[PDB]
Structure formats: structure tokens, C-alpha cells
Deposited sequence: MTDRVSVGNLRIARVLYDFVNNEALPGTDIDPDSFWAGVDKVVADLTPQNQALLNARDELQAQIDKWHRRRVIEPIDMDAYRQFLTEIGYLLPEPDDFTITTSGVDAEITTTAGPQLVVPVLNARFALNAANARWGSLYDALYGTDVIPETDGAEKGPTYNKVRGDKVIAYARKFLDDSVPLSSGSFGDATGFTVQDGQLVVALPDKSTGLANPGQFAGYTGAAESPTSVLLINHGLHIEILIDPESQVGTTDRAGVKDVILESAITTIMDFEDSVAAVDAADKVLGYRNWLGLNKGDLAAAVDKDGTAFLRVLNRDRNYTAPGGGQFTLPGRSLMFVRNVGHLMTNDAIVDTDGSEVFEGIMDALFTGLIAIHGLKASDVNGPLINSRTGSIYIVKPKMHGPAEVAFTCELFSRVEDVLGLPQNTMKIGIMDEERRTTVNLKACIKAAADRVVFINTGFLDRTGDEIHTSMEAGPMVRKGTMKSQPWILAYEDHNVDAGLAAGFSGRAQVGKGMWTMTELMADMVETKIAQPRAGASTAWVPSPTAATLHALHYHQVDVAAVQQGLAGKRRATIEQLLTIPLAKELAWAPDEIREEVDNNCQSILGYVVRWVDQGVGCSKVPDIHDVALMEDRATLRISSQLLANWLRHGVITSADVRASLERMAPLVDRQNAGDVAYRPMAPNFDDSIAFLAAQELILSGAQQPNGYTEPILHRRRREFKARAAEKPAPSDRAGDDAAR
């Protein structure tokens, strides 16, 4: 066996060498002190980690029996009796300190990217700045009506619409004293203020404070930098450029400050099932903190001249979080003496936290300037599970020699037992917490699994509008604002998965900042630059203070189970949900299992590209597992559907292995089936157990 004994642990050698040879040098941490720390932390914390996991099963079993023997007073009383619904703590204010401004103050988009893909992770870190011309010209925010269609070459009819769109943005964000930007013919900086040339007059900024800087000579600058609600707009000025030639002010582009923070994902969008997989993950995370990851390279910072005349710089990179995995899974990258696998979550803290120290120091220019290590922790259930994550970070800080509370924690509110105790979860981390975020996809899967025995749920799509989720979204903001999150921590909302439907994202996702969210999740750098628009039209700081003190969601609203009313569907409706669910499951799982791809675009039954990840997978299989459980469909239907959709997914992928015609010969196909047929028996509906096992089994038979 290629393992390394360290006390009670047997470290997979690939991981052993990587830490010693790549992650520890630079940190001043003695390798044997590190590995005695791993050993000791694993030994001391693994038992409660397991106790907490058993707490989950015991609660779900009591809820199961309860349903099997719809009064809300009784339900609330029973949940209280079994310790599911814990009392509300007294009002309080978080004490988290040492946090960078991108999280305390600035409201804006938040990109999430799979850390196992270096080209993506680089573009995400770079997406702090994004071309708005590119985002309007490339997507459907400029519709492709007659004459405005994208071709192989530039469509100036379309590009002129792009200019016109952006001009209206400039007018509505950084207004002139009089006139419009569309009538601009030039820009100069004189006596520290910005003067815009109009045809017949010459106006300046209504709020000249919105003037932030410029590059080049003030006599005629190369760009003009503006600020509005804490976010920067940079007008690029280049007449002999291709777009600028046509522009009335020689404007070449409008750069938006976009992905303020980026989450490098080790969880639901990657497939890492062994030390080989985690080491690729960790290595990329290291190359991000060290600054030297190259596929494409991290951008330098941006240089400006202040309106006064001095120089200054702004970060060229998005402030990086890392999303660890949660308390459930173990990974054989480390086994113990008895052969038991070590909990993956404990390992990510040790290893991503260690690696993140490189981001606190100068790179051959930094991540956090204030000394924090920003860790999203997902899939927690209740305040005890938070206090445990806190304790884990405390022991890792000791092993790493970091000051206490260096390791900050972005709380995912995405599990029902966290929602209905959210105040207490925020309090458990009152000195560590940097955001709460509504992980609404995960949170729907737990909604289905928790009440699986109560009856059939409503269709997947009906769920984004059910009472419980509207209540959960408001309750989240109310709790964050109440804990004093405004000006201290982020209040975050969820991912826009329709990667191609950018006109719809620009039309509807504005709902999130309007709901008091200082950040919300985007799937691409482009989506971040287009979601940046909403923070220029919504004053989130104002919105949050208008909200402060409100209580908009009662406990009964949150506990409104999404049961389907009595005989609410026709055959064509039931079949379509099944077909649409089976195809999303298949199209995702087949790339997970056969190729180790943790996120990919899979077009639903209506041909809309949906960015799929493990959370949308938990919804699909849990819903179908629930309809199967309550008679809505037969096992014939599930198999017919899985078989009808399998060859379509083959077509959409046509170096990959088809699933049809020999379905029971495809490991990926059998995994899809198991996720459904076993779905009711996976803990809390979690898909990693089936996914990790089937991925491991494909890698093994591929090696033989």
C-alpha cells in the first residue's frame, strides 16, 4: 500500500507529498507538527462529528414514524419535543472582525466555480472586472431581432444597440448635471472634477463625488473611472479601436466591477473521490493563494490616478472564499489503523486552511488584506452542527499556528433544521460568521426528504413559489439584519442556473438585492457582469435599513410542507415531470461517474440549458423518489423514463461512453437508477454516497 503512517492515520502518499512539498513550504509550519496536528484533530473531533450525524438519522426516523401515524400546532409541538425546533436565543449582535471590505461593505455579485478546473477558477478570480459590451453583445440581453443577429463578424446594428444600452446605464447610474451620456462627445479631467463634452454645452457629474479616477493625461484620458453604490464603472476611451471608431465619444467599452467575491468550490460542483482527486483540487487552491496558478494567469491589480492627482490601485482579483465539504462524507485519502475512512470535512479545514495562509502573504499581491481565511461551510443542520464547525476551525488554527478566529465561516442556510433555528445558528458562530446564504436548491431537497412520508410533493418547478421557500428567503434576511449583519457580513441569495437565459436573469434576479441581499450567486463571469447591473439600480444599503426590525415570516409559514393537493395532475403533466427529471439526472450523473465532472450544462425537457450540480441532483431524485413512494408513478414509469431519455443524453454528448442500448452495462446509468430507487434511504437525501461509490467503481473497472 502507498500510505504513510502518522500516529493512528495512514495518509495516501500523493496527499502526503503534496502537503510537504507544496503546501507547507512558505508557511513556517514544521511538517511533523502539522501531521501530529492532523492526527490529533482527527482523533479528538471525529467522535462528535459522528454523534452529530447520528442525531440527523434519529430525528428523521421520528419524523417518519410521526407522519405514518394536518395540524400545525401538533407538528410544531412534536418538533419541539424531539429537540428539532429549539428555542430562540435572545437578540444579539455579531462580533466578527478582521474582515475585508468586499464582504463588510460592498454589495455585489458572488461567483461560484469548481476548484478542480483551473481555466474556470482563473477566469472567476479575474472576473472582478468584466466588459459590459461583451456581456450585452454575447448574450440575449440584446435580442437577435431582424438586423441585430450575431454573425461570424461584427454586427454594428447590434453593437450600436450595445452602446445605447450602456449609455442608458451610465445615465441611470452616474448622472450628468444636464444632458445624457448618449450625446457625449468627450471627457476631460480639470481641477479634479470630470467634464463631459456635449454638442452645445459641457456638463459635469450631478454628484461629482461619483468621479473616482482616470488613466492617462487628464488633458485627454484613456479611461474614466466612476463609482456608484460602492461599485466601479470604467469607461474605456480609444477612438482608433474597432468599436470606438463608431462611437460619438470614441468610447471603446464600459468595464463593470463584477464578481466582487468568488467561491472556489470543493463541494457540490466537483467530483473528487480519493486523494488523487482532492490533490488536484488542493493544488489549484494553492496556486490561487500563491498567485502562480496558470493554465492563462491571475490578473495584476489595476492602476489609476485619483481626481486629486495621486496614484492608487484597486484589486484586479475577486476576493476568494473556499467552500469546504460538510459534515457527512469521509474520504479514503486518509484511513486509520482499523481501515476506517477519515471525515472529508475535517480534512478540508486542515488542508484548505493551511493552503489559504499563502493568500495572506506576498506572492512572487494577496487575498485578504485584513488577515481572514474565508470558508463557506455547507449542509449544516442546526446550531450544534455550527458550534462543531467552529470548534473544528479553532483546533485547525492551533495546528496551523494562526491567531484564533482567523478562519471565518460563510454559513449556508440550506437545511430545514438550520432554517427554523437560524438565529441560534448565527449566534453559535457570532464571532466567526461572514455570511448567511440561502442555498435554496439544497434546501428544497431537504424539504422533500424531511417530509417524504407525509405525502406527494408538488412538481419540481412549483417549488420555487411555495409558501415555505418564500418564508425561508425572508426569514434569512430578517435574521441577518437582526444580528447586525448590515455593514459586517453578507446576506446572500441563490444561484441562477439558466446559463444561457441572460435576458431573463437581468429582468428577474433584481428581486434579490431588492429583498435586502448584499450578494447573490452567479454561474459565469458574464452572468456576474450582468448581475452587477442590479446593484447599480438597487441601493441594498438603503433597502437593508428599510427592512431592519421587521419580522416577515412566522414559524408556521416556514413549516408549510409542499404537499400536492388531491389529484392535481393529468397524465401528460405527470409524465413530463418524470421525463424532465430523469433527463436532468442522467445528463448530470453520466459525466460525474464516467469522467469526474461535478458540474455541467444539461438541457431540460424544454431545451433550456440548466447548470446542474449535486444540489439540483438531490431535488430531482428526491422528488421522483417521493412520487414513487406515494403511488404517483410506478417503477415501470421510472425505468421507461430513464430508458426513453438515456439515448437523448447520448446524442447531446456525441471521448465519452454511451449508456444505451445496454443500460444495465453502464455504471453511470445504474447510478442514476439507484439515486431514485434508493433515494428515500440516502441520509437526508444526500447524493454523495451513491455518487462517490459509483465513481470509485468506474475508476476501478477502468483500471483493469
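K.L.:
Deposited sequence versus model: which ranges have no CA atoms?
P.N.:
Seq positions lacking coordinates: 1, 71-75, 302-311, 381-384, 675-677, 728-741.
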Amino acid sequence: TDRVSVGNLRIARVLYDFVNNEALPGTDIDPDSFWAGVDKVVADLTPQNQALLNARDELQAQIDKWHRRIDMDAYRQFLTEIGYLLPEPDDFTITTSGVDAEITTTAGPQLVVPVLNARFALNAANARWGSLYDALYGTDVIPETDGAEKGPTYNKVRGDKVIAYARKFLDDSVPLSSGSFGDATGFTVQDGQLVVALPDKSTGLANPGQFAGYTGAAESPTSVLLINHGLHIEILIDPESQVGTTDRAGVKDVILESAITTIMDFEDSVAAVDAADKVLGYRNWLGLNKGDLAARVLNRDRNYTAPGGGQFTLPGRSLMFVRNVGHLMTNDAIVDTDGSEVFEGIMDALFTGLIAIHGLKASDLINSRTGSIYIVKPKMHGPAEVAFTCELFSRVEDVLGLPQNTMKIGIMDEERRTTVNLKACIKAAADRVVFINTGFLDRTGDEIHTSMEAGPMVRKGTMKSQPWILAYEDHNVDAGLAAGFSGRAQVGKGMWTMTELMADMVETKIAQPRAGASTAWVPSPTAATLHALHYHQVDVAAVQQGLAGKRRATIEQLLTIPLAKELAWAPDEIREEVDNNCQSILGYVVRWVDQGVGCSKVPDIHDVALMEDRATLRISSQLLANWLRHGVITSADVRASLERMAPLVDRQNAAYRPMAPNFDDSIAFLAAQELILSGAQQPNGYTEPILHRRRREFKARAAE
From here on, numbers count along this sequence of modelled residues.
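K.L.:
Averaged over C-alpha atoms, is the B-factor higher for 208-216 or for 592-600 in this PDB entry?
P.N.:
Per the PDB entry, the higher value belongs to 208-216.
K.L.:
Quick check: 560-568 versus 407-415, which has the larger average CA B-factor in the record?
P.N.:
The stretch with the larger mean CA B-factor is 560-568.
K.L.:
Sorting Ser621, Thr497, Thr188, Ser368 by Cα temperature factor from the record, which one lands on top?
P.N.:
Among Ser621, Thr497, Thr188, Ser368, the highest C-alpha B-factor in the entry belongs to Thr188.
K.L.:
Based on the PDB record, which member of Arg323, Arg514, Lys201, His327 exhibits the highest Cα temperature factor?
P.N.:
Each of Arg323, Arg514, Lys201, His327 was compared by C-alpha B-factor; the highest is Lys201.
K.L.:
Could you look up the Cα B-factor of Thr246 in the entry and say which third of the chain it sits in: lowest, middle or highest?
P.N.:
Highest third of the chain for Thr246's C-alpha B-factor.
K.L.:
Using the B-factors in the PDB entry, rank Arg644's C-alpha atom against the chain and give the third, lowest, middle or highest.
P.N.:
It falls in the bottom third of the chain.
K.L.:
Name the third of the chain's ranked CA B-factors that contains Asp431, choosing lowest, middle or highest.
P.N.:
Within its chain, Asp431 is a middle-third residue by C-alpha B-factor, going by the deposited values.
K.L.:
Tell me, lowest, middle or highest third: where does the Cα B factor of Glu234 rank within its chain?
P.N.:
Its C-alpha B-factor belongs to the lowest third of this chain's values.
K.L.:
Relative to the other modelled residues of the same chain, rank the CA B-factor of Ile676 and answer lowest, middle or highest third.
P.N.:
Tercile = middle for this residue's CA B-factor.
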